[PDB]
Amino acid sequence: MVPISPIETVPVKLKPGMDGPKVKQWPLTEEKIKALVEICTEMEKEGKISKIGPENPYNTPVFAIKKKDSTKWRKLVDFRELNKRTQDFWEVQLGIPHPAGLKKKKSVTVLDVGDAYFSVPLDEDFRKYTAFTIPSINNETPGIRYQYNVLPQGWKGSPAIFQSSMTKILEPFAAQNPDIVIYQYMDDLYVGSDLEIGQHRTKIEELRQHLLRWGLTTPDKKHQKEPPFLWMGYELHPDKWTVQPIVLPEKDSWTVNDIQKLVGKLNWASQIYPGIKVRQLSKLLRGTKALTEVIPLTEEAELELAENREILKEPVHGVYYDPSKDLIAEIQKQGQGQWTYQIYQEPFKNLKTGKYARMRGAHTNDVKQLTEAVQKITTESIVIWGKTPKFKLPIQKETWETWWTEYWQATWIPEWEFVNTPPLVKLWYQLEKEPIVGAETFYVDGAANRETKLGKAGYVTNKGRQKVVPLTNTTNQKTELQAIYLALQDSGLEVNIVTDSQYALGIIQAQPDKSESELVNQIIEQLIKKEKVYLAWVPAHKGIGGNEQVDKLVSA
């Protein structure tokens, strides 16, 4: 024989304070028992399990399932109970590669390592916890007791221990063959390279010889799977990639669940199909989660769906990453808080696409949303390519500088250039830093009675202009906004406004251009029509002239 290196075992423990499983083995038909005994006899000959004495107090139930349309039974050891009691492991597969970050490969070979899976031994001190029992015919003898010597399928730790054991084996081969890439998925190794097919197939044989070192055999009859690969919802080709076919169903009436499945497909498609939109369709899912309830599609939802079918009419493909070239990211505003982007290196050849949605919130504006989309794309780009793309943004350089120099928060956008493709992001209003000479000064105030919800809003000016409006179904905060709205309505193009509302200033100093409050939206529309607006704050109830007068008028 040729000596083989053993595969180091991973020490395994149960969670602190817990003991192994002691699950009762139901009874089984005489037919199932005979099948399990033959299966387990084969496994024992192969070294996968071993018979144990009666001292072991642990047990996990075993089942026999009929492999459909066949007379052959299959065994199932149900480790659900042991898994609850097994320690947590490091899971390497949490983050999966995105196809847009892969490199193009001339050749990609697949190797089956299904048999290597059973050369991975289970920690000797943990095997006792995997005990199971085949019931005896008619329950007239003791059941046959086995435990596992290898990683059991369905046990919590098997995926992580298998992968970590294969990786350890493969590390020296990968390190000393930097002209190939190796990726493990399920029971297969995927080996890619840019070598001429002859050299490539030589590397493959060298890899097979390396794996023999550990006694791991790979089928000679080479794998049936070949490019394109169907993998994690993608199609991988040697020089391009895409998502597996997206088929939006036809349906006369839509259910909650159907809309959730539709949006899921649209989200999945949005990573290469440019311009997918889902706001109006996701609006129909607001609040409710009765999976069988039917929702009428708004006319806005039917247009959005009509547009998406058009986008999805024919295949689109992304290209792979070329590390020798810069990454470019271009963003567009779509409306209703929706933003779309493309990431490319050569013009008209996207690596991937995507979208971003306005966060839920009371007030917002386009510049903040653009900034947030940039931060998302930057982070996604670090993940996939390890670097920030250069940005092409629909906002003028002068607009950005005005924004970030005057905004109360620190904000930043990495290297970027203006792309002149409407609609452009702009500043709709800008408040003065100093009072305006010659402009009428409006002192505004409002108040409401907390019980009867009745209030008043109004203003008084240095020219003697005055107004007080009575209001119903209102609050202190609503009347304070209403007062500012009236002053804007009734003033010329330049106006000084004096308020004591800290609430109103928190809103306006955040500079919104769209709001969930129609009152704030009315204020925004008035501000856009002005030439100059200076907003001044004073503390309430301190005898400040002007403010004192109107406070009395509105709290009456």
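Residues carry their position along the shown sequence, with the first being 1.
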- Residue stretch of maximal mean CA temperature factor, 60 to 68 vs 519 to 527: 60 to 68
- Task: Could you check which stretch, 157 to 165 or 276 to 284, carries the larger mean CA temperature factor in the entry?
- Result: 276 to 284
- Residue set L195, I144, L424, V108, per-entry CA B-factor max assigned to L195
- Per the deposited entry, the peak Cα B-factor within the set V243, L248, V191, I134 goes to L248
- Query: Going by the entry, which third of its chain does the Cα temperature factor of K221 land in?
  - Reply: highest
- Item | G17 - which third its CA temperature factor falls in, relative to the rest of the chain | highest
- Third assignment of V533 from its chain's C-alpha B-factors: lowest
- Grab the CA temperature factor for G458 from the record and place it in the lowest, middle or highest third of its chain. lowest
- Quick one: classify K349 as lowest, middle or highest third of the chain based on its Cα B-factor. middle
